[PDB]
Every structure is written in C-alpha cells, then in structure tokens.
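All remarks here apply to the structure that follows.
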Amino acid sequence: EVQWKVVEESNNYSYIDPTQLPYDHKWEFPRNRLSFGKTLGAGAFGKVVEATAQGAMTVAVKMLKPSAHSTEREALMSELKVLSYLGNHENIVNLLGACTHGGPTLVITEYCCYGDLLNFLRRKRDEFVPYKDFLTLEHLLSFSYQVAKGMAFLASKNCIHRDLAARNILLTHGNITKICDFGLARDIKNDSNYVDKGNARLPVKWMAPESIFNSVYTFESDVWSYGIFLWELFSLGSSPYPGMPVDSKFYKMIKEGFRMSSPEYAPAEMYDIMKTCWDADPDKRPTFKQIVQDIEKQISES
Ligand SMILES: CCN(CC)CCNC(=O)c1c(C)[nH]c(/C=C2\C(=O)Nc3ccc(F)cc32)c1C
Ligand SMILES: [Cl-]
C-alpha cells in the first residue's frame, strides 16, 4: 500500500501499526457544520471533497465510498491517527478536525486552492522566465526549500513518506507548498507513473534502488525521491527519465549508476543537490536538514 509510515527503532527501524496510535477526541468537529461541495479527487474506496466548515472556512474532507471494506474504515481512522501524531507544520497538509461518531468517518484537512504542484508547473511552463504573474527561478527555489522543510519535519517525527513526487505536493495562497498523502483518496491503478511490480504497483521512477531491489524504505530513500522531485521542479513538470520505459534495461541502468542529466533551468548548485540525493550509497546522501541549510544559502546568495 503506497502511503506514509511512522517508524520506531527495533531491525534498525520497523513500521509502527498505526491502529495503535491514540486518537484525541479534541479533534472532533460537529458533522452538521460541514457543507460539501465539489469533489477534488477520488480513489476506489474513498474521495476528498471541498467543503465549508462553519466555525466559515473552506476545507478538504476525506471520506470513504459506500463500497468500502471494513479494513478501509480502519485505514481511514489510521490516517487520522497518523496526522494527529505528526502535529502541525506549514509545509504539510494539516489536520483540522474529524467526525468519528454519529456517522461515517470524516477527516478534515487544509484546502490548497491551486491543486497539485505537478499540474501547476506544467500549465505555467510556457510563461516561465528565470528572472524578471510569471513563474520564476525565485519561485522554484522557494518550492524546493519548502518541500525540504516539510520533509525535514516528517523525518524528525520518524515518518517516511514513501511516495514523494510533485503530484503529491499541493500549492495554496502565498506560494506555500504542502506535502500530502492521498491515501484512500487516490487509485494508482489509473496512473502510468506507477508500475506493476509483483502484486504491488509502485512509483518506480521515483524510488531509490534499495527500495526497488531490496524493499528497503528509509529516511534516506525519501531523500532519493526528493532529488527526483527537484528534477521535476526545474524541468517545469517533465516526466522523469523521459522516453525510457520501465523494463529490465531501465533497472540495470539505475543499478549501474545511470542518472538523469541536469534540467536546463536548474542552477548548478541545485543539480549538485540532485546528484548527491541519487548516490547509490544511502549513507552518502544528504539529510533533509542538510538540504534545508544548502538551499537557505542559495536563497541568501540570491
Ligand atoms: C487536474 C488539475 N486541475 C487543475 C488544473 C485540478 C485542480 N486541482 C484541485 O482542484 C485540487 C484542490 C484545489 N485541492 C486538491 C486536493 C486536496 C486539497 O486541497 N487538500 C487535500 C487533503 C488531502 C488529500 F488527499 C487531497 C487534498 C485538488 C486535487
Ligand atoms: Cl517559506
């Protein structure tokens, strides 16, 4: 299941069972104060809908479809539990409330009015200018910085995203980016950026080699995916390894050290970050804390 995980020291780390996390009923919000509007996204067993919450503000509500298995209802509760455990950060999509009694489970989160960053980059591409409502290099550096800060936050809570990519970054007012976990509000069997692997469907072009070939997911594999995200960002939304099918040839190239070339709009210091994120040795990749400091220096030099 493609979703984030909280880990605990064991093994090195093992996933926690999120059903065992506590749920504080302080999050409880009266269901009668929600007015539901348009659907923003929909998986096979769930969906996220724009809503108005009186006591008015626009929010996003995650909920199950009526055909949901009993393990899906628990899964949505576990989503709520993980969000409550993580706490609040500017660069994640934050929990605002929940409805857990008197009806089906509703998870109320922040609404990001511009949608996912990938599609935003793609429709802004032909107006982009490196320097001077155009998208500029200043914005891209800001987005890189914010996603690094959000990931540093998740890592500090022992959380591994496992699917970091521009499609999972949302954009809201003030050019603020927020990391998201679609969970039951997305069906990946649709999306060609996921690839069949055994029983699983996986975002192979974003994954570290040790995740693909050894099923190892760590703080360090998230850094690999962040490097792929940077490439998406400074390519203005191009698909990674463009024109290369995922087959045995692709896997061999990754294993033997093949990497993407620099996007034409990436500053050399940002391509330097990408390259270190894609070190075959996870111990040689930077931490998100290091990445934050490096990008802070570039913005200062800007
Ligand atoms: C296909 C691109 N289209 C624009 C050109 C669609 C635009 N994209 C949109 O409208 C959109 C908006 C405005 N919000 C979301 C998603 C979420 C949001 O806001 N909070 C969440 C919390 C959890 C979650 F799992 C998803 C969301 C979308 C897809
Ligand atoms: Cl910021």
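A note on labels: chains of the structure tokens are A, B, ... as shown, every chain counts residues from 1, and ligands are counted from 1 in their shown order.
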
Check your understanding: Where does DSSP see strand (DSSP E) in region 115-209 of chain A, if you list the residues as a ChimeraX atom specification?
Key -> /A:159-160,169-172,176-179,195-197,200-202

Output of the above residues as a tab-separated table (two decimals), in the first residue's frame, restricted to N, CA, C and O atoms:
```tsv
chain	number	residue	atom	x	y	z
A	159	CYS	N	8.85	9.79	10.42
A	159	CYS	CA	7.89	9.49	9.38
A	159	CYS	C	8.61	9.40	8.04
A	159	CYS	O	9.46	10.24	7.74
A	160	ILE	N	8.29	8.36	7.28
A	160	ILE	CA	8.81	8.14	5.93
A	160	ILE	C	7.63	8.26	4.97
A	160	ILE	O	6.61	7.58	5.14
A	169	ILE	N	2.58	17.10	-3.92
A	169	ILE	CA	2.81	18.40	-3.31
A	169	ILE	C	1.68	19.30	-3.77
A	169	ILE	O	1.41	19.39	-4.97
A	170	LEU	N	1.00	19.93	-2.82
A	170	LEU	CA	-0.09	20.85	-3.15
A	170	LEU	C	0.38	22.29	-2.97
A	170	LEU	O	1.33	22.57	-2.25
A	171	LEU	N	-0.30	23.21	-3.67
A	171	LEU	CA	0.04	24.62	-3.64
A	171	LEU	C	-1.16	25.43	-3.18
A	171	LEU	O	-2.29	25.20	-3.63
A	172	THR	N	-0.93	26.39	-2.28
A	172	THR	CA	-2.01	27.25	-1.80
A	172	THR	C	-1.60	28.72	-1.87
A	172	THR	O	-0.55	29.04	-2.43
A	176	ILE	N	2.74	28.89	-1.02
A	176	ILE	CA	3.09	27.93	0.02
A	176	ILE	C	2.81	26.53	-0.50
A	176	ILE	O	1.69	26.25	-0.97
A	177	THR	N	3.80	25.64	-0.43
A	177	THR	CA	3.64	24.26	-0.86
A	177	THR	C	3.47	23.37	0.36
A	177	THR	O	4.07	23.61	1.41
A	178	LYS	N	2.66	22.33	0.20
A	178	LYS	CA	2.32	21.45	1.31
A	178	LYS	C	2.40	20.01	0.84
A	178	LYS	O	1.77	19.64	-0.15
A	179	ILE	N	3.17	19.20	1.57
A	179	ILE	CA	3.28	17.77	1.27
A	179	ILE	C	2.00	17.06	1.69
A	179	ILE	O	1.46	17.30	2.78
A	195	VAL	N	3.89	1.58	-11.59
A	195	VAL	CA	4.27	0.44	-12.42
A	195	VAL	C	4.00	-0.83	-11.65
A	195	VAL	O	4.25	-0.89	-10.44
A	196	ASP	N	3.47	-1.84	-12.34
A	196	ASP	CA	3.27	-3.14	-11.73
A	196	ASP	C	4.60	-3.77	-11.34
A	196	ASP	O	5.55	-3.78	-12.14
A	197	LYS	N	4.67	-4.29	-10.12
A	197	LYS	CA	5.85	-4.99	-9.62
A	197	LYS	C	5.35	-6.07	-8.67
A	197	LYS	O	4.92	-5.76	-7.56
A	200	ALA	N	2.35	-5.60	-6.32
A	200	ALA	CA	2.29	-4.20	-5.97
A	200	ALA	C	2.32	-3.32	-7.21
A	200	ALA	O	2.71	-3.75	-8.30
A	201	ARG	N	1.86	-2.09	-7.03
A	201	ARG	CA	2.01	-1.03	-8.02
A	201	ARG	C	2.83	0.06	-7.35
A	201	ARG	O	2.48	0.52	-6.26
A	202	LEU	N	3.93	0.44	-7.98
A	202	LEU	CA	4.94	1.24	-7.31
A	202	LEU	C	5.39	2.39	-8.19
A	202	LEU	O	5.42	2.26	-9.42
```

Exercise for review: Name the residues, by chain letter and number, that sit within 8 Å of ligand 2 using only C-alpha atoms and all ligand atoms, and give them as a PyMOL selection string.
Suggested key: chain A and resi 142+145-146+176

Point to revise | Selection near region 219-227 of chain A, 7 Å with only C-alpha atoms, sequence-local residues under 2 positions removed, as a PyMOL selection string | key: chain A and resi 155+160-162+164-165+206-208+217+229-231+274+277-278+282+285+287-288

**Study point:** Surroundings of ligand 1 up to 6 Å, based on only C-alpha atoms and all ligand atoms, as a list in words
**Key:**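 Those within range of ligand 1 are residues 40, 41, 48, 60, 109, 110, 111, 112, 113, 114, 115, 116, 119, 181, 182 and 185 of chain A.
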
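All residues of protein, DNA or RNA that reach within 10 Å of residue 254 (chain A), judged by only C-alpha atoms and not counting those fewer than 3 positions away in the chain, are residues 205, 208, 209, 249, 250, 251, 257, 258, 259, 260, 278 and 280 of chain A.
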
Grab the residues selected above and save them as a PDB file, in the first residue's frame with N, CA, C and O atoms.
```
ATOM      1  N   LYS A 205       9.921   5.182 -10.985  1.00  0.00           N
ATOM      2  CA  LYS A 205      10.885   6.194 -11.424  1.00  0.00           C
ATOM      3  C   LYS A 205      11.251   7.186 -10.322  1.00  0.00           C
ATOM      4  O   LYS A 205      12.191   7.971 -10.511  1.00  0.00           O
ATOM      5  N   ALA A 208      14.330   4.910  -4.715  1.00  0.00           N
ATOM      6  CA  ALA A 208      15.732   4.561  -4.547  1.00  0.00           C
ATOM      7  C   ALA A 208      15.977   3.108  -4.962  1.00  0.00           C
ATOM      8  O   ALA A 208      15.094   2.252  -4.819  1.00  0.00           O
ATOM      9  N   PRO A 209      17.191   2.789  -5.421  1.00  0.00           N
ATOM     10  CA  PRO A 209      17.481   1.402  -5.817  1.00  0.00           C
ATOM     11  C   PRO A 209      17.233   0.400  -4.703  1.00  0.00           C
ATOM     12  O   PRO A 209      16.725  -0.694  -4.970  1.00  0.00           O
ATOM     13  N   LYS A 249      16.011  -3.271 -18.759  1.00  0.00           N
ATOM     14  CA  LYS A 249      17.081  -2.355 -19.148  1.00  0.00           C
ATOM     15  C   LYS A 249      17.146  -1.145 -18.220  1.00  0.00           C
ATOM     16  O   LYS A 249      18.227  -0.765 -17.755  1.00  0.00           O
ATOM     17  N   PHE A 250      15.995  -0.518 -17.949  1.00  0.00           N
ATOM     18  CA  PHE A 250      15.964   0.620 -17.034  1.00  0.00           C
ATOM     19  C   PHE A 250      16.519   0.238 -15.666  1.00  0.00           C
ATOM     20  O   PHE A 250      17.343   0.955 -15.087  1.00  0.00           O
ATOM     21  N   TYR A 251      16.074  -0.896 -15.131  1.00  0.00           N
ATOM     22  CA  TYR A 251      16.549  -1.318 -13.819  1.00  0.00           C
ATOM     23  C   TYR A 251      18.061  -1.505 -13.804  1.00  0.00           C
ATOM     24  O   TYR A 251      18.737  -1.093 -12.852  1.00  0.00           O
ATOM     25  N   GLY A 257      24.443   2.867 -12.066  1.00  0.00           N
ATOM     26  CA  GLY A 257      24.774   4.244 -11.761  1.00  0.00           C
ATOM     27  C   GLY A 257      24.255   5.292 -12.728  1.00  0.00           C
ATOM     28  O   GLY A 257      24.611   6.468 -12.583  1.00  0.00           O
ATOM     29  N   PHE A 258      23.436   4.909 -13.704  1.00  0.00           N
ATOM     30  CA  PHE A 258      22.837   5.867 -14.631  1.00  0.00           C
ATOM     31  C   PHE A 258      21.907   6.822 -13.889  1.00  0.00           C
ATOM     32  O   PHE A 258      21.134   6.411 -13.021  1.00  0.00           O
ATOM     33  N   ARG A 259      22.004   8.112 -14.217  1.00  0.00           N
ATOM     34  CA  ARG A 259      21.148   9.132 -13.632  1.00  0.00           C
ATOM     35  C   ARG A 259      20.727  10.109 -14.721  1.00  0.00           C
ATOM     36  O   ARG A 259      21.329  10.175 -15.794  1.00  0.00           O
ATOM     37  N   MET A 260      19.684  10.876 -14.413  1.00  0.00           N
ATOM     38  CA  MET A 260      19.236  11.930 -15.310  1.00  0.00           C
ATOM     39  C   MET A 260      20.244  13.064 -15.366  1.00  0.00           C
ATOM     40  O   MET A 260      20.955  13.342 -14.397  1.00  0.00           O
ATOM     41  N   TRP A 278      21.024  11.171  -5.260  1.00  0.00           N
ATOM     42  CA  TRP A 278      20.970   9.944  -6.041  1.00  0.00           C
ATOM     43  C   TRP A 278      22.220   9.100  -5.881  1.00  0.00           C
ATOM     44  O   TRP A 278      22.518   8.263  -6.747  1.00  0.00           O
ATOM     45  N   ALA A 280      24.261   6.046  -4.956  1.00  0.00           N
ATOM     46  CA  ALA A 280      23.879   4.652  -4.736  1.00  0.00           C
ATOM     47  C   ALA A 280      24.035   4.260  -3.275  1.00  0.00           C
ATOM     48  O   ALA A 280      23.314   3.382  -2.790  1.00  0.00           O
TER      49      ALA A 280
END
```
